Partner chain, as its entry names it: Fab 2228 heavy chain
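What follows is one chain in C-alpha cells, specifically the form solved without its partner chain.
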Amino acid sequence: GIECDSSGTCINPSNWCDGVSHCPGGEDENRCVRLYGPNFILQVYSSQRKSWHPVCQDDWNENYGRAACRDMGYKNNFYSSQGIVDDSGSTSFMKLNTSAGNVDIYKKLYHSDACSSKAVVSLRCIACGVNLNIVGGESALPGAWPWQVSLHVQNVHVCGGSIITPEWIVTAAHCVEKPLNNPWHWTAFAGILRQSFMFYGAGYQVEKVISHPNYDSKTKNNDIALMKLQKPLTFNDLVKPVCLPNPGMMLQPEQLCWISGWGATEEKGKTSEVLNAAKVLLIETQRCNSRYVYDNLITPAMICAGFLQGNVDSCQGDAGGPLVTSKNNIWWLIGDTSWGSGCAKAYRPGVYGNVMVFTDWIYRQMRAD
C-alpha cells in the first residue's frame, strides 16, 4: 500500500491516480500524468475539477518531457516531444508558470483557457510500434513482428510474450503459475523465427516475474504478467518494442487486429517450428458472452477476438503472445493471449487479457523497479 500523509492512512496502489480522492488531502490524485489517444497527448489530472487536461506547449522543452517520462515509469527512455493541435477534445489546459521556478511540474502548472503557442504537448517516451512494412495463418518475415518473443523452460517453448522496453516483456499470468514462478526457470528468445535456433546461449536470462496481484487462476481473470530481463535488449530491425495502448484509443467494435506466435497450427498439435501470424477481428464482449459462446465467462479484464465461424485463432503455444492493432501508423498492444476452448472452432473465439485496463499497473511496476 501507499501512505497518504503523516496521519498514517494507507491506500491500495490501485487507488493511486484512479479519479477518486481516497486521501483526505488528495495526495493520491494530485500528481497524475498520462498520454492520451493515438497522438500521445500529455495530460495532467486535476483533483479539484476531477478531470484530465492537456499541457500547453508554452515554454515546454525536452527536460520536462524526460521528467514526465521518468514519472510514468520509463526510466531513461525518451523518444520525442512536439507541440500539436489538440485531438483530445479538451476545453481547459495546463500552462507552465515561468515566474515560479524550480518547483516540480505539478506546482508549476496552472489552469488556462488558452495556450499562447496554440498547441499542446505530444510526448513519446520510447520508439515503439514500428515494424517491417496460430491456426489459419502464414509464416512471418523477419522484422514483421519484432516485439514477439518465445519463452522457454526446460528447453521447451511454453509461452509467447511482447517486448515493451529493452528490459520488460508482457505475457500471461498463467504462463508463470508455480512451479514456473521462479525467474531462473525462464529464457526469452527475441529476433529468431525458428524454434530450432532457440538453444542454450541464444536467448536472454530473466531476472523477475511479476503476476498481476488480482490474477485468479480459477477464472483466468486478470491474466497478465511482466518479465524483467537481466540485461537490456539491443534493438534493431529484428527486435523492437510494441507500444502500450493509451486511454482514448477509440477502437472500432470489430477492429482489425493481428496475432502472432508459434502456437500449434491445429488443436492438439505441436509447437510450430516457425513464427506465424494471422488477422482476427475484435468481437464485442456482449456477443462473446452469448449463451452460445462463452456464456458470461468474459469479464471486463478480457476481450474476445477471432471469428465466430472459427477457422482462424490462437492455440496452445500462443499464451502470453500479442494481439496488436495498427492505428495512426503505430502498432499497439491490445491484448495478451489467455484462453479459449479448443482451437479455431466455431463459436469459440480467442480470449485475451485486456491490456488497456492493465496499463496503470504496468507503469507502477516499471516505476517501482
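Residue numbers count along the first chain shown, from 1.
Keep in mind that the form solved in complex with its partner chain is missing from the display, and what follows is about it.
Trainee: 142, 194 and 237 - do all three of these have some heavy atom no more than 4.5 Å from its partner chain in the deposited complex?
Mentor: Contact check passed for all of 142, 194 and 237.
Trainee: Out of 256, 202, 85, 127, which one falls within 4.5 Å of its partner chain in the deposited complex, going by heavy atoms?
Mentor: Flagged contact: 202.
Trainee: At the 4.5 Å heavy atom threshold, is residue 274 in contact with its partner chain in the deposited complex?
Mentor: Yes.
Trainee: Is residue 132 close to its partner chain in the deposited complex, meaning a heavy atom pair under 4.5 Å apart or at it?
Mentor: Yes, residue 132 lies within 4.5 Å of its partner chain in the deposited complex.
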